Amino acid sequence: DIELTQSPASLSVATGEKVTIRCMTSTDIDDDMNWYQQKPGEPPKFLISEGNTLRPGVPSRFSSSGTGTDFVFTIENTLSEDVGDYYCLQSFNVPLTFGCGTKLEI
Amino acid sequence: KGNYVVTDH
Amino acid sequence: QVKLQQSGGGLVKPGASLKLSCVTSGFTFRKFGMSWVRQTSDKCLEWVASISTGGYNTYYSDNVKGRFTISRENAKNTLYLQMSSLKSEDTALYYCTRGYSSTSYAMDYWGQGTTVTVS
């Protein structure tokens with residue numbers, strides 16, 4: 001039981017701004033941090049998998065970095081299409097825990 | 001990962 | 001091309017039982033571990049249970065251990081979640097999920113979602 005605390009709670013940006021969403025863990029997760037995006041009323045979409053690798057087909061404007069307990073998700077130039085909630089997941093240990101999301105632009 | 005198995009063998 | 005088609009929810013009274021189903025296509029099903037995740041009323045995502053490729057290892061949150069059972073029949077390409085003793089606290093949108101590769105339960109493919117409401 002590894003707690004993940006996602007931050008910030010919510011943000012509102014203008015298109016073209018850079019955003020940073022942090023996700024911090026209570027224990028070292030061997031970089032098995034994963035990032036999700038849920039557009040309203042769709043299943044979550046897998047953006048970045050373990051080892052900070054952007055998944056195929058996700059645009060280059062999304063990136064992530066992170067030390068075993070402190071990880072960061074970044075969008076370089078926010079486009080309209082990026083509003084939704086972003087969630088992080090550690091898949092190092094069971095129970096798999098999720099951050100409770102960050103909602104992007106309102 | 002930290003002992004959970006997903007492939008059986 | 002990968003499809004996870006879900007079925008089987010509803011509104012039930014506390015104490016009821018429900019069997020959630022998930023039929024998959026567009027991949028060799030026995031090569032992948034599968035999981036159920038539930039999104040609660042406050043948009044938080046919560047992992048429920050995972051099962052290995054052959055079904056010999058299952059994991060559950062402490063929340064549902066002993067009341068929920070995850071299973072699969074590899075021949076039919078389907079994943080089940082048998083829920084018994086349903087509590088109001090189990091009201092959520094349940095998602096069928098696929099583990100992205102061999103060693104991880106991290107999810108790449110998600111089903112459309114099934115509401116179960118206990119009331």
Side-chain angles (χ1 to χ4, degrees), chain A residues 1-10 21 23 25 29-58 64 66 71 73 83-104 106, chain C residues 1-6 9 20 22 24 27 32-52 56-66 68 70 79 92-115:
Chain A
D1 286 76
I2 289 177
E3 169 199 271
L4 277 72
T5 307
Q6 194 165 337
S7 182
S10 289
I21 294 170
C23 188
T25 62
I29 236 68
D30 193 48
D31 281 61
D32 292 333
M33 178 51 88
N34 311 267
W35 287 92
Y36 287 98
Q37 173 202 74
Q38 196 179 208
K39 286 191 195 75
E42 75 158 24
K45 190 208 152 191
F46 200 15
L47 295 181
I48 282 162
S49 52
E50 305 171 318
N52 288 304
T53 48
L54 188 75
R55 293 243 97 206
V58 176
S64 52
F71 302 80
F73 176 75
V83 302
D85 312 289
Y86 290 84
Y87 302 88
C88 49
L89 167 74
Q90 69 76 25
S91 41
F92 174 68
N93 251 30
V94 111
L96 276 69
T97 32
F98 287 90
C100 200
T102 294
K103 50 183 179 294
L104 189 291
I106 230 70
Chain C
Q1 196 152 251
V2 171
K3 300 298 169 291
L4 307 199
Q5 180 49 41
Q6 287 185 228
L20 252 39
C22 186
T24 69
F27 60 100
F32 290 85
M34 295 298 293
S35 321
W36 285 98
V37 173
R38 84 198 171 179
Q39 191 164 51
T40 41
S41 328
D42 56 9
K43 95 173 176 58
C44 257
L45 287 167
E46 184 197 316
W47 168 81
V48 166
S50 291
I51 191 188
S52 48
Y56 295 95
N57 292 266
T58 52
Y59 304 90
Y60 295 99
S61 51
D62 299 316
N63 277 4
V64 309
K65 224 283 120 292
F68 290 24
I70 183 163
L79 177 69
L93 187 63
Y94 288 69
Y95 291 113
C96 168
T97 250
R98 199 245 253 163
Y100 88 116
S101 269
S102 302
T103 264
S104 203
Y105 277 120
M107 314 98 190
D108 52 0
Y109 285 121
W110 302 65
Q112 67 270 143
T114 280
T115 286

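The sequence lines fix the lettering, A, B, ..., with proteins before strands; numbering per chain opens at 1.
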Open item on the list: Taking salt bridge (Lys or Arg N to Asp or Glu O under 4.0 Å) as the definition, give me every residue that meets it alongside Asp108(C), ordered by chain and number, with sequence neighbours left out.
Closed with: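 Expected list: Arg98(C).
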
Quick check: closest heavy atoms across [X] and [Y], and the distance to 0.1 Å?
X         : Y         : value
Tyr95(C)  : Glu42(A)  : OH-O, 3.9 Å
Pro43(A)  : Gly111(C) : CG-O, 3.4 Å
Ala106(C) : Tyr36(A)  : C-OH, 4.0 Å
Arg55(A)  : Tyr100(C) : NH2-CD1, 3.8 Å

- [ ] Would you mind telling me which of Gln112(C), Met107(C), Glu46(C) has the largest number of heavy-atom pairs within less than 4.5 Å of chain A?
- [x]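 Heavy-atom pair counts peak at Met107(C).
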
Task: 4.5 Å side-chain heavy-atom contact, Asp62(C) and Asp1(A) - done: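 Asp62(C) vs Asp1(A): side chains touch.
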
Open item on the list: Would you say that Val94(A) contacts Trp47(C) through its side chain, given a criterion of any heavy-atom pair below 4.5 Å between the two side chains?
Closed with: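 SC-SC contact between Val94(A) and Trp47(C) confirmed.
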
TODO: Give, as side chain, backbone, both or neither, the part of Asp32(A) having an atom under 4.5 angstrom from any heavy atom of chain C.
DONE: neither

Open item on the list: Looking at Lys103(A), I'd like to know if its NZ atom is crowded, meaning that more than 12 non-hydrogen atoms belonging to other residues, nucleotides or ligands lie closer than 6.0 Å.
Closed with: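 Open.
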
Open item on the list: Using heavy-atom distances under 4.5 Å, tell me whether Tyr105(C) contacts chain A through its side chain, its backbone, both, or neither.
Closed with: both

Task: Any residue of residues 36-44 of chain C which, by heavy atoms, sits under 4.5 Å from chain A - done: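 Only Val37(C), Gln39(C), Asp42(C), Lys43(C), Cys44(C) of residues 36-44 of chain C have a heavy atom under 4.5 Å from chain A.
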
Task: Pairs of heavy atoms under 4.5 Å with chain C: top-ranked of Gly41(A), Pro44(A), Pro95(A), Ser91(A) - done: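 Going by pairs under 4.5 Å, I would pick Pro44(A).
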
Task: Main-chain N/O of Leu96(A) paired with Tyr59(C) side-chain donor or acceptor, under 3.5 Å - done: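 Looks like no, no N/O pair under 3.5 Å.
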
